[PDB]
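First comes the structure, then the notes that go with it.
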Amino acid sequence: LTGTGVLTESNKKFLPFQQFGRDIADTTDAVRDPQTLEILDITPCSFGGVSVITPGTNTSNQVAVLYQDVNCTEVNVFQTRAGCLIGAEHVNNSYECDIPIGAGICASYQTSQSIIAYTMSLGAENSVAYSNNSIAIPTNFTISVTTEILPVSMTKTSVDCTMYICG
Amino acid sequence: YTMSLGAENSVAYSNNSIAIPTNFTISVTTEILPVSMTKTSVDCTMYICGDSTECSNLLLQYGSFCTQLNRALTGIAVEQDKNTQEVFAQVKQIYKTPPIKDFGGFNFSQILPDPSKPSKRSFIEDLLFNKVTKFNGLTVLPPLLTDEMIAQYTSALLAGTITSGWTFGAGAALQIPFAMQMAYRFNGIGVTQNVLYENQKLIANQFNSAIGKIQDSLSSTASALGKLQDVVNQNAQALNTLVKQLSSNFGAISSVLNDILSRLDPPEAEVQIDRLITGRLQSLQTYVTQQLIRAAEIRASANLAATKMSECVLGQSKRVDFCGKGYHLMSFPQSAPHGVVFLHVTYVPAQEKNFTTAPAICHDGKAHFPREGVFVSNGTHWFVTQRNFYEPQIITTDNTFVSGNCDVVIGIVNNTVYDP
Amino acid sequence: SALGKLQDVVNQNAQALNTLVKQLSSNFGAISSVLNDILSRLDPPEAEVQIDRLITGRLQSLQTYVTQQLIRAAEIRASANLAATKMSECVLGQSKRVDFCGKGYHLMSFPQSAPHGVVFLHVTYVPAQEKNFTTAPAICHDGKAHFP
Amino acid sequence: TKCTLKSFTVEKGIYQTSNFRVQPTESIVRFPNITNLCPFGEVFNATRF
Amino acid sequence: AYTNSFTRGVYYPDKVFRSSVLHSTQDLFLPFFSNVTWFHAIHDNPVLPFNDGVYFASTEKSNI
Ligand SMILES: *[C@@H]1O[C@H](CO)[C@@H](O[C@@H]2O[C@H](CO)[C@@H](O)[C@H](O)[C@H]2NC(C)=O)[C@H](O)[C@H]1NC(C)=O
Ligand SMILES: *[C@@H]1O[C@H](CO)[C@@H](O[C@@H]2O[C@H](CO)[C@@H](O)[C@H](O)[C@H]2NC(C)=O)[C@H](O)[C@H]1NC(C)=O
Ligand SMILES: *[C@@H]1O[C@H](CO)[C@@H](O[C@@H]2O[C@H](CO)[C@@H](O)[C@H](O)[C@H]2NC(C)=O)[C@H](O)[C@H]1NC(C)=O
Ligand SMILES: *[C@@H]1O[C@H](CO)[C@@H](O[C@@H]2O[C@H](CO)[C@@H](O)[C@H](O)[C@H]2NC(C)=O)[C@H](O)[C@H]1NC(C)=O
Ligand SMILES: *[C@@H]1O[C@H](CO)[C@@H](O[C@@H]2O[C@H](CO)[C@@H](O)[C@H](O)[C@H]2NC(C)=O)[C@H](O)[C@H]1NC(C)=O
Ligand SMILES: *[C@@H]1O[C@H](CO)[C@@H](O)[C@H](O)[C@H]1NC(C)=O
Ligand SMILES: *[C@@H]1O[C@H](CO)[C@@H](O)[C@H](O)[C@H]1NC(C)=O
Ligand SMILES: *[C@@H]1O[C@H](CO)[C@@H](O)[C@H](O)[C@H]1NC(C)=O
Ligand SMILES: *[C@@H]1O[C@H](CO)[C@@H](O)[C@H](O)[C@H]1NC(C)=O
Ligand SMILES: *[C@@H]1O[C@H](CO)[C@@H](O)[C@H](O)[C@H]1NC(C)=O
Ligand SMILES: *[C@@H]1O[C@H](CO)[C@@H](O)[C@H](O)[C@H]1NC(C)=O
Ligand SMILES: *[C@@H]1O[C@H](CO)[C@@H](O)[C@H](O)[C@H]1NC(C)=O
Ligand SMILES: *[C@@H]1O[C@H](CO)[C@@H](O)[C@H](O)[C@H]1NC(C)=O
């Protein structure tokens with residue numbers, strides 16, 4: 001039985017007649033070493049995705065690289081729950097989300113300038129001066145105009161299936 | 001058996017009889033809506049041709065079929081965060097309640113954040129999270145807004161609703177005593193605020209009991225979260241089916257690509273690989289189409305949830321049965337796994353009496369109509385009272401108005417109108 | 001960026017058409033993507049097989065395109081229904097629905113046309129300045145409780 | 001990123017450009033130690049033929 | 001003679017370890033509650049058909 005993966009120690013109590021294990025997906029979970037009767041877990045080798053976090057090219061050519069769902073091992077390195085983020089400085093100060101990363105972490109280009117990563121705020125904290133005998137009533141007002149844009153239609157395309165397939 | 005459809009109940013209709021409620025009950029209902037779905041991502045190349053150069057080279061002959069599925073899944077993953085942001089991020093500031101919970105007798109300790117938890121969620125939110133429960137290039141992306149951040153948004157919305165009524169939605173959060181907020185909520189449904197103030201203790205007790213009943217229901221009825229459990233189950237089933245499809249032969253001698261490559265020469269291995277590629281690509285296309293349809297359904301649900309949040313939590317809804325059965329007063333949002341839970345507070349008439357009525361009363365030949373409310377008679381005396389709560393008052397010129405005369409109105413009755 | 005909601009729709013339709021056209025260059029297992037090069041080089045017993053492969057690939061491409069267009073069309077239809085609802089309950093009337101017609105207390109709206117879409121200008125009343133006042137639910141006069 | 005977007009200008013944001021995959025370093029071949037030998041010795045080294 | 005097979009005749013279809021899972025497999029199994037011929041060895045060793053596989057069970061006290 002062949003495959004690729006990371007072999008680690010396990011605590012799975014295989015029965016004397018059982019040689020291979022499988023998960024819900026029917027893939028191989030663990031094997032018993034034919035020479036030494038120990039159970040080894042099979043974890044497929046780390047894989048994922050590479051994302052590039054960048055301000056627009058009209059500002060800077062510096063980028064940060066996010067390796068999705070990996071540890072900062074196989075790859076100024078900041079470990080997040082979204083993956084391994086390389087090139088972004090971790091800042092304790094929170095701000096409004098700019099370039100979203102995931103799991104509450106956002107990145108932006110700020111201050112000499114560099115790409116930083118931080119936990120997003122969600123807005124300023126503002127307690128209300130509530131009491132059982134105090135009411136705030138507006139004394140002045142402002143008239144505002146907002147713009148809401150909605151799609152209504154899409155291009156009325158038409159494809160000649162016969163000419164397309166067999167022109 | 002043949003189903004019923006409910007009990008038969010005739011209405012005691014007549015041309016001169018009106019039933020007006022004399023008592024009321026405050027009820028709280030739970031509406032649960034999906035907002036988002038798991039942000040899955042499938043590596044089409046690794047899924048179809050995992051660690052196989054020959055399979056990848058054959059797959060390249062299909063052009064963009066592979067990458068357009070990554071594009072569709074990215075679009076879905078993005079719109080799931082758009083849905084969450086639109087549903088919860090409707091408040092410009094993070095509001096918090098005062099340290100003193102002097103809300104006129106209304107107990108909110110079961111919906112406000114509990115500072116003692118590792119995540120500042122409410123008791124009900126904790127109940128909700130305790131009820132809702134691969135390596136082939138299939139990955140799951142995390143949401144942009146974590147459960148803690150969703151709880152913080154629901155906390156801000158709840159504190160705003162409690163301390164400023166609907167004023168925080170339109171503009172700035174304007175503090176108002178909660179009892180006065182409820183007085184406005186009562187006026188908004190056609191019940192004069194003195195009913196609230198005279199019955200403030202009863203209303204607060206009914207609210208607290210309704211909240212306790214919500215707690216007992218969520219703590220005892222597992223089926224309450226079916227709308228979210230079905231979405232989780234559908235996504236898990238779709239992923240399990242997609243992964244299981246890798247074991248199918250699709251006409252090949254073996255489902256294992258390495259067993260084909262190690263046994264057949266290229267002139268036959270390429271054919272067997274083309275068969276496996278066709279089968280796995282069709283499987284991915286089916287998965288992606290099902291995910292796009294389910295994502296459209298989730299988007300519609302999220303849009304409904306955002307509409308309810310805006311027109312139910314931030315304001316007061318005049319739309320019948322939009323925010324629960326009864327006359328809507330206020331709603332409180334609660335977060336849930338991949339969804340939102342609304343607690344709808346409604347005014348429901350509880351007890352009624354049969355009264356005799358009349359459209360107008362004659363005094364000196366003038367036809368008097370109520371300014372607000374209706375005319376009622378207990379059998380000996382005529383009174384005017386608000387339509388939604390029995391509260392008889394003496395009929396005076398400050399309660400009625402004059403239009404026309406006694407010879408026009410059908411069903412007009414004789415009485416006297418007191419002139420203060 | 002103000003018109004992103006319409007630019008994204010235009011871009012999605014252009015991308016779908018460019019992908020559909022580009023799919024004609026794929027071999028789908030055939031010796032050549034050009035049908036005339038197959039017909040001019042292979043005898044019917046082999047040309048028919050190569051053509052069947054190209055037909056299968058191009059038909060699958062069309063089915064994918066059409067399915068994506070049906071889903072996008074359903075999304076556009078939902079957006080158009082929302083726009084019509086806003087037109088009726090926002091431009092033609094006055095909306096009591098909170099945040100349906102912009103932030104604030106809705107007064108009136110004005111429609112404007114746009115390429116493949118509609119733009120609404122929502123006029124709302126927003127409180128601007130406030131004072132802290134002491135309040136009371138009722139006032140006693142002669143023992144009577146007076147409510148506003 | 002520029003190649004992924006088919007443009008020489010990249011707008012502010014996060015783009016997915018390439019899939020990371022750890023490669024294997026060596027192969028592992030496992031069979032049991034001593035199953036059972038065959039008596040080829042008594043055939044070749046037979047005392048008498 | 002016949003007896004009730006109840007739920008006997010289930011064996012591990014392969015050598016794969018599984019846990020906390022319900023696995024559906026198709027193989028040659030003894031049908032539940034089927035009739036099995038009951039033979040005695042008191043105070044009877046006939047030849048039986050094998051067909052497509054045979055389930056055998058015995059109860060002992062003296063290793064007969
Ligand atoms: C209500 O607010 C408006 C503006 O929002 C005020 O109008 C401004 O008044 C100042 C005087 O202090 C002028 O200098 C500005 O030019 C005015 N602006 C506009 C647009 O008219 C108005 O005075 C405020 N009313 C009260 C009673 O405070
Ligand atoms: C209106 O209904 C409420 C309950 O829905 C009544 O309150 C109850 O009154 C009885 C007295 O007959 C008490 O025993 C109960 O404990 C009360 N329950 C609660 C929750 O307060 C109230 O009395 C009714 N009002 C009228 C005028 O009938
Ligand atoms: C609001 O309700 C909570 C419970 O829903 C009350 O908390 C209880 O307080 C009593 C003492 O009065 C304790 O014995 C209970 O164990 C508490 N329960 C919980 C879950 O905390 C709270 O006191 C109520 N507050 C008001 C003002 O009525
Ligand atoms: C209908 O309402 C009138 C007004 O309250 C009732 O008349 C009063 O009845 C009480 C006794 O219940 C007397 O003490 C008052 O002096 C009466 N006032 C007047 C102005 O008559 C009348 O009894 C009610 N009818 C019924 C059937 O309940
Ligand atoms: C209500 O009162 C009016 C008078 O205030 C009644 O009108 C009388 O009707 C009779 C029958 O035609 C006439 O003969 C009288 O002359 C009318 N009165 C006057 C002052 O013109 C009316 O009938 C009463 N209706 C009821 C239902 O009692
Ligand atoms: C660069 O482009 C971005 C568009 O996202 C814009 O916000 C920013 O102001 C631009 N900066 C310059 C210097 O043009
Ligand atoms: C990453 O690796 C370090 C040590 O190599 C380990 O302590 C840490 O828990 C790992 N994190 C994850 C998410 O695997
Ligand atoms: C943030 O502050 C903590 C102390 O609370 C400190 O340990 C941590 O290193 C700080 N973060 C960075 C990036 O320095
Ligand atoms: C009014 O009278 C009808 C007569 O059929 C009765 O059924 C109904 O219960 C009465 N209303 C109340 C509130 O008792
Ligand atoms: C109501 O209807 C009855 C007949 O059912 C009639 O006798 C009576 O006069 C009517 N009253 C009014 C006010 O229309
Ligand atoms: C009302 O008093 C509170 C006290 O904390 C203050 O913060 C608030 O700004 C006051 N309101 C106005 C309109 O100034
Ligand atoms: C095979 O290796 C194991 C592990 O040391 C050993 O215990 C066993 O005796 C070996 N087999 C034989 C036949 O010696
Ligand atoms: C097996 O035998 C029993 C009685 O010995 C009988 O009740 C049962 O129906 C038989 N099974 C079948 C499938 O006929």
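Labels used: A, B, ... for chains in the order of the structure tokens, numbers from 1 for residues in each chain, and numbers from 1 for ligands as shown.
Around ligand 3, using only C-alpha atoms and all ligand atoms and a cut-off of 10 Å, the residues in contact are residues 100, 101, 102, 103, 104, 105, 106, 107, 108, 109, 110, 111, 114, 123, 204, 205, 208, 209, 211, 212 and 215 of chain B.
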Counting only C-alpha atoms, what is within 6 Å of residue A:115, bar same-chain residues fewer than 5 positions away, as a ChimeraX atom specification?
/A:88,108-109
Residues from last step as file, C-alpha atoms, as an mmCIF file, in the first residue's frame:
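Below is the file selection_0.cif, written as the result:
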```cif
data_model
loop_
_atom_site.group_PDB
_atom_site.id
_atom_site.type_symbol
_atom_site.label_atom_id
_atom_site.label_comp_id
_atom_site.auth_asym_id
_atom_site.auth_seq_id
_atom_site.Cartn_x
_atom_site.Cartn_y
_atom_site.Cartn_z
ATOM 1 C CA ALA A 88 3.569 41.867 7.434
ATOM 2 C CA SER A 108 -3.034 47.402 5.635
ATOM 3 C CA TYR A 109 -0.190 49.618 4.425
#
```
Find the residues in chain E near chain A: any atom within 9 Å counts, using only C-alpha atoms. Write them as a VMD selection string.
chain E and resid 14 to 19 21 23
Once you have the residues from the selection above, write them out as a PDB file, in the first residue's frame, restricted to N, CA and C atoms.
```pdb
ATOM      1  N   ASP E  14     -12.811  -7.349   5.958  1.00  0.00           N
ATOM      2  CA  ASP E  14     -11.447  -7.100   5.515  1.00  0.00           C
ATOM      3  C   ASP E  14     -10.570  -6.861   6.740  1.00  0.00           C
ATOM      4  N   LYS E  15      -9.368  -6.343   6.501  1.00  0.00           N
ATOM      5  CA  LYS E  15      -8.361  -6.133   7.532  1.00  0.00           C
ATOM      6  C   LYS E  15      -8.155  -4.648   7.813  1.00  0.00           C
ATOM      7  N   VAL E  16      -9.200  -3.847   7.620  1.00  0.00           N
ATOM      8  CA  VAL E  16      -9.136  -2.402   7.798  1.00  0.00           C
ATOM      9  C   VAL E  16      -9.679  -2.021   9.167  1.00  0.00           C
ATOM     10  N   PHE E  17      -8.912  -1.210   9.891  1.00  0.00           N
ATOM     11  CA  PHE E  17      -9.335  -0.669  11.176  1.00  0.00           C
ATOM     12  C   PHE E  17     -10.299   0.490  10.968  1.00  0.00           C
ATOM     13  N   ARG E  18     -11.438   0.436  11.650  1.00  0.00           N
ATOM     14  CA  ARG E  18     -12.400   1.524  11.643  1.00  0.00           C
ATOM     15  C   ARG E  18     -12.880   1.734  13.069  1.00  0.00           C
ATOM     16  N   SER E  19     -13.259   2.968  13.390  1.00  0.00           N
ATOM     17  CA  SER E  19     -13.797   3.242  14.712  1.00  0.00           C
ATOM     18  C   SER E  19     -14.805   4.373  14.629  1.00  0.00           C
ATOM     19  N   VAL E  21     -17.781   4.587  13.564  1.00  0.00           N
ATOM     20  CA  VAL E  21     -18.291   4.716  12.206  1.00  0.00           C
ATOM     21  C   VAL E  21     -19.197   3.532  11.900  1.00  0.00           C
ATOM     22  N   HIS E  23     -20.234   1.366   8.774  1.00  0.00           N
ATOM     23  CA  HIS E  23     -19.714   1.082   7.445  1.00  0.00           C
ATOM     24  C   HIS E  23     -20.619   0.091   6.728  1.00  0.00           C
TER      25      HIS E  23
END
```
Proximity check chain A to chain D, 7 Å, nearest pairs one decimal Å, only C-alpha atoms, as a Markdown table:
```
| residue | atom | partner | partner_atom | distance |
| --- | --- | --- | --- | --- |
| A:34 | CA | D:32 | CA | 4.8 |
| A:35 | CA | D:32 | CA | 4.8 |
| A:45 | CA | D:22 | CA | 6.1 |
| A:46 | CA | D:22 | CA | 5.7 |
| A:47 | CA | D:21 | CA | 4.4 |
| A:48 | CA | D:20 | CA | 5.3 |
| A:49 | CA | D:19 | CA | 4.1 |
| A:50 | CA | D:18 | CA | 5.2 |
| A:51 | CA | D:16 | CA | 4.2 |
| A:52 | CA | D:15 | CA | 5.3 |
| A:53 | CA | D:14 | CA | 4.4 |
| A:54 | CA | D:12 | CA | 5.8 |
| A:55 | CA | D:12 | CA | 4.3 |
| A:56 | CA | D:12 | CA | 4.3 |
| A:57 | CA | D:10 | CA | 5.6 |
| A:99 | CA | D:13 | CA | 5.2 |
```
Write to file, as a CSV table (one decimal), in the first residue's frame, the residues of the selection just made, with N, CA and C atoms.
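And here is the file that came out, part_3.csv:
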```
chain,number,residue,atom,x,y,z
A,34,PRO,N,5.1,-3.4,9.6
A,34,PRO,CA,5.2,-4.8,9.5
A,34,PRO,C,6.4,-5.4,10.3
A,35,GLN,N,7.4,-4.6,10.7
A,35,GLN,CA,8.5,-5.2,11.4
A,35,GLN,C,8.4,-5.0,12.9
A,45,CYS,N,1.0,15.3,3.5
A,45,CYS,CA,2.0,16.4,3.6
A,45,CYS,C,1.3,17.7,3.4
A,46,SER,N,1.8,18.7,4.2
A,46,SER,CA,1.2,20.0,4.2
A,46,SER,C,1.0,20.6,2.9
A,47,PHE,N,-0.2,21.2,2.7
A,47,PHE,CA,-0.6,21.7,1.4
A,47,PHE,C,-1.6,22.9,1.7
A,48,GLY,N,-1.8,23.7,0.7
A,48,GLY,CA,-2.8,24.8,0.8
A,48,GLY,C,-2.8,25.7,-0.4
A,49,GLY,N,-2.3,26.9,-0.2
A,49,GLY,CA,-2.5,28.0,-1.1
A,49,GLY,C,-1.6,29.2,-0.7
A,50,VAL,N,-1.3,30.0,-1.7
A,50,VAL,CA,-0.4,31.2,-1.5
A,50,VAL,C,-1.2,32.4,-1.9
A,51,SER,N,-1.4,33.3,-1.0
A,51,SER,CA,-2.1,34.6,-1.2
A,51,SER,C,-1.2,35.7,-1.0
A,52,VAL,N,-1.3,36.7,-1.9
A,52,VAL,CA,-0.4,37.9,-1.8
A,52,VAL,C,-1.3,39.1,-1.3
A,53,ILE,N,-0.8,39.7,-0.2
A,53,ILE,CA,-1.5,40.9,0.4
A,53,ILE,C,-0.7,42.1,-0.1
A,54,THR,N,-1.3,43.0,-0.8
A,54,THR,CA,-0.6,44.1,-1.4
A,54,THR,C,-1.4,45.4,-1.4
A,55,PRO,N,-0.8,46.5,-1.1
A,55,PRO,CA,-1.4,47.8,-1.5
A,55,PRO,C,-1.2,48.0,-3.0
A,56,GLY,N,-2.0,48.8,-3.6
A,56,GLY,CA,-2.0,49.0,-5.0
A,56,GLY,C,-0.7,49.4,-5.5
A,57,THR,N,-0.4,49.0,-6.8
A,57,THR,CA,0.9,49.3,-7.4
A,57,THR,C,1.1,50.8,-7.7
A,99,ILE,N,-7.4,45.3,4.2
A,99,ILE,CA,-7.3,44.1,3.3
A,99,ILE,C,-7.6,42.9,4.2
```
Around ligand 4, out to 8 Å and counting only C-alpha atoms and all ligand atoms, which residues are there? I want them as number ranges by chain.
B: 377-382
Those same residues - N, CA and C atoms - I'd like them written as a PDB file, in the first residue's frame.
```pdb
ATOM      1  N   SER B 377     -70.983  49.789  24.584  1.00  0.00           N
ATOM      2  CA  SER B 377     -72.044  49.822  25.578  1.00  0.00           C
ATOM      3  C   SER B 377     -71.986  48.560  26.420  1.00  0.00           C
ATOM      4  N   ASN B 378     -72.082  48.722  27.736  1.00  0.00           N
ATOM      5  CA  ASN B 378     -72.137  47.588  28.644  1.00  0.00           C
ATOM      6  C   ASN B 378     -73.567  47.122  28.879  1.00  0.00           C
ATOM      7  N   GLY B 379     -74.517  47.658  28.115  1.00  0.00           N
ATOM      8  CA  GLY B 379     -75.919  47.325  28.218  1.00  0.00           C
ATOM      9  C   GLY B 379     -76.778  48.438  28.773  1.00  0.00           C
ATOM     10  N   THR B 380     -76.187  49.390  29.496  1.00  0.00           N
ATOM     11  CA  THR B 380     -76.951  50.505  30.041  1.00  0.00           C
ATOM     12  C   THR B 380     -76.334  51.854  29.688  1.00  0.00           C
ATOM     13  N   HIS B 381     -75.011  51.908  29.531  1.00  0.00           N
ATOM     14  CA  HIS B 381     -74.318  53.161  29.267  1.00  0.00           C
ATOM     15  C   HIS B 381     -73.357  53.005  28.098  1.00  0.00           C
ATOM     16  N   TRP B 382     -73.237  54.061  27.296  1.00  0.00           N
ATOM     17  CA  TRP B 382     -72.315  54.103  26.169  1.00  0.00           C
ATOM     18  C   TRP B 382     -71.005  54.775  26.562  1.00  0.00           C
TER      19      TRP B 382
END
```
All residues within 9 Å of ligand 13 are required, counting only C-alpha atoms and all ligand atoms; please report them as number ranges by chain.
E: 1-4, 33-36
Quick one: residues within 7 Å of ligand 8, with only C-alpha atoms and all ligand atoms, as a PDB file with C-alpha atoms, in the first residue's frame?
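What ended up in pocket26.pdb:
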```
ATOM      1  CA  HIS A  90       2.278  42.449  13.693  1.00  0.00           C
ATOM      2  CA  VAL A  91       0.911  45.592  15.370  1.00  0.00           C
ATOM      3  CA  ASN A  92      -0.854  45.543  18.734  1.00  0.00           C
TER       4      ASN A  92
END
```
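Comparing B:256, B:238, B:264, B:176 by their smallest distance to ligand 11, the closest is B:176 (using only C-alpha atoms and all ligand atoms).
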Could the residues of chain A that have an atom at most 8 Å from chain B be listed as CSV, each with its closest atom pair and the distance in Å to one decimal, counting only C-alpha atoms and ordered by chain and ascending residue number?
```
residue,atom,partner,partner_atom,distance
A:25,CA,B:244,CA,6.2
A:26,CA,B:244,CA,7.5
A:44,CA,B:135,CA,6.5
A:47,CA,B:137,CA,7.7
A:48,CA,B:139,CA,7.4
A:81,CA,B:142,CA,8.0
A:82,CA,B:142,CA,6.5
A:100,CA,B:144,CA,6.9
A:101,CA,B:144,CA,7.0
A:102,CA,B:144,CA,4.2
A:103,CA,B:144,CA,4.9
A:104,CA,B:145,CA,5.3
A:105,CA,B:144,CA,7.4
A:122,CA,B:94,CA,7.4
A:123,CA,B:93,CA,5.1
A:124,CA,B:93,CA,5.4
A:125,CA,B:94,CA,4.8
A:126,CA,B:95,CA,5.2
A:127,CA,B:96,CA,5.1
A:128,CA,B:175,CA,6.3
A:129,CA,B:175,CA,6.2
A:130,CA,B:175,CA,5.3
A:131,CA,B:177,CA,6.2
A:132,CA,B:177,CA,4.8
A:133,CA,B:177,CA,6.2
A:134,CA,B:176,CA,6.2
A:135,CA,B:176,CA,4.5
A:136,CA,B:174,CA,5.0
A:137,CA,B:174,CA,6.9
```
Please, which residues have at least one atom within 8 Å of an atom of ligand 7, using only C-alpha atoms and all ligand atoms, listed as a count of residues only?
5
For chain B against ligand 2, with a cut-off of 10 Å and counting only C-alpha atoms and all ligand atoms, what is the closest atom pair and its distance in Å to one decimal for every residue that makes the cut, ordered by chain and number, as CSV?
```
residue,atom,partner,partner_atom_place_in_ligand_line,distance
B:22,CA,ligand 2,27 (C),7.2
B:23,CA,ligand 2,1 (C),5.0
B:24,CA,ligand 2,1 (C),6.2
B:25,CA,ligand 2,5 (O),5.6
B:26,CA,ligand 2,5 (O),8.5
B:199,CA,ligand 2,25 (N),9.1
B:201,CA,ligand 2,21 (O),8.3
B:202,CA,ligand 2,21 (O),5.4
B:203,CA,ligand 2,21 (O),8.3
B:204,CA,ligand 2,20 (C),9.3
B:205,CA,ligand 2,20 (C),6.1
B:206,CA,ligand 2,20 (C),5.7
B:207,CA,ligand 2,20 (C),9.4
B:208,CA,ligand 2,20 (C),9.7
B:209,CA,ligand 2,20 (C),7.9
B:349,CA,ligand 2,5 (O),9.8
B:350,CA,ligand 2,5 (O),7.1
B:351,CA,ligand 2,1 (C),7.6
```
With C-alpha atoms retained, export the selected residues as a short mmCIF file (atom, residue, chain, number, x, y, z; two decimals), in the first residue's frame.
```cif
data_model
loop_
_atom_site.label_atom_id
_atom_site.label_comp_id
_atom_site.auth_asym_id
_atom_site.auth_seq_id
_atom_site.Cartn_x
_atom_site.Cartn_y
_atom_site.Cartn_z
CA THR B 22 -59.47 43.80 28.37
CA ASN B 23 -56.08 42.24 29.20
CA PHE B 24 -52.90 41.45 27.32
CA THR B 25 -49.85 39.20 27.35
CA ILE B 26 -46.29 39.99 26.30
CA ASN B 199 -49.11 47.92 34.15
CA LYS B 201 -44.72 45.71 36.74
CA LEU B 202 -47.01 43.21 35.03
CA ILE B 203 -45.40 43.84 31.65
CA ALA B 204 -41.89 43.48 33.06
CA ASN B 205 -42.85 40.23 34.78
CA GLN B 206 -44.43 38.86 31.60
CA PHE B 207 -41.31 39.78 29.63
CA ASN B 208 -39.04 38.06 32.17
CA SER B 209 -41.23 34.95 32.14
CA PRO B 349 -54.42 40.53 23.45
CA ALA B 350 -55.23 38.01 26.18
CA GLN B 351 -58.80 38.46 27.46
#
```
Please measure the separation of atom CA of residue C:129 and atom CA of residue A:138, giving the value in Å to one decimal.
5.3 Å
For atom CA of residue C:116 and atom CA of residue A:156, the interatomic separation in Å (one decimal):
10.7 Å
Nearby polymer residues, ligand 1, at most 9 Å, only C-alpha atoms and all ligand atoms, as a ChimeraX atom specification:
/A:139-143 /C:128-129
Take the selection from the previous step and output its residues with C-alpha atoms, as a JSON list (two decimals), in the first residue's frame.
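And here is the file that came out, again.json:
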```
[["chain", "number", "residue", "atom", "x", "y", "z"],
["A", 139, "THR", "CA", -32.34, 70.27, 18.96],
["A", 140, "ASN", "CA", -31.11, 70.54, 15.36],
["A", 141, "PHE", "CA", -31.16, 68.35, 12.27],
["A", 142, "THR", "CA", -29.37, 67.70, 9.00],
["A", 143, "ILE", "CA", -30.83, 66.65, 5.65],
["C", 128, "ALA", "CA", -27.76, 66.62, 14.28],
["C", 129, "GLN", "CA", -27.45, 68.18, 17.76]]
```
Who sits within 9 Å of residue B:65, only C-alpha atoms, same chain under 6 positions skipped, as a PyMOL selection string:
(chain B and resi 281+285) or (chain C and resi 23+61)
Selection: 12 Å around residue E:11, only C-alpha atoms, excl. self and same-chain fewer than 4 positions, as a VMD selection string
chain E and resid 7 15 25 27 to 30 55
Can you spit out the residues from that selection as a compact mmCIF listing (two decimals), in the first residue's frame, using N, CA and C atoms?
```txt
# COMPACT_ATOMS: atom_id res chain seq x y z
N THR E 7 -28.52 -13.35 15.36
CA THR E 7 -27.59 -12.38 14.80
C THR E 7 -26.19 -12.96 14.62
N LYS E 15 -9.37 -6.34 6.50
CA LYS E 15 -8.36 -6.13 7.53
C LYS E 15 -8.16 -4.65 7.81
N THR E 25 -21.14 -2.48 3.73
CA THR E 25 -20.34 -3.34 2.87
C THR E 25 -21.21 -4.47 2.35
N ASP E 27 -20.96 -8.35 1.01
CA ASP E 27 -20.13 -9.54 1.02
C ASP E 27 -21.03 -10.73 1.31
N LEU E 28 -20.43 -11.92 1.37
CA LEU E 28 -21.18 -13.15 1.62
C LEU E 28 -21.34 -13.32 3.12
N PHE E 29 -22.52 -12.96 3.63
CA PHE E 29 -22.82 -13.01 5.06
C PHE E 29 -23.96 -13.99 5.31
N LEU E 30 -24.04 -14.46 6.55
CA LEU E 30 -25.15 -15.31 6.96
C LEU E 30 -26.39 -14.45 7.19
N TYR E 55 -21.32 -21.43 7.24
CA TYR E 55 -21.18 -20.98 8.62
C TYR E 55 -21.24 -22.21 9.52
```
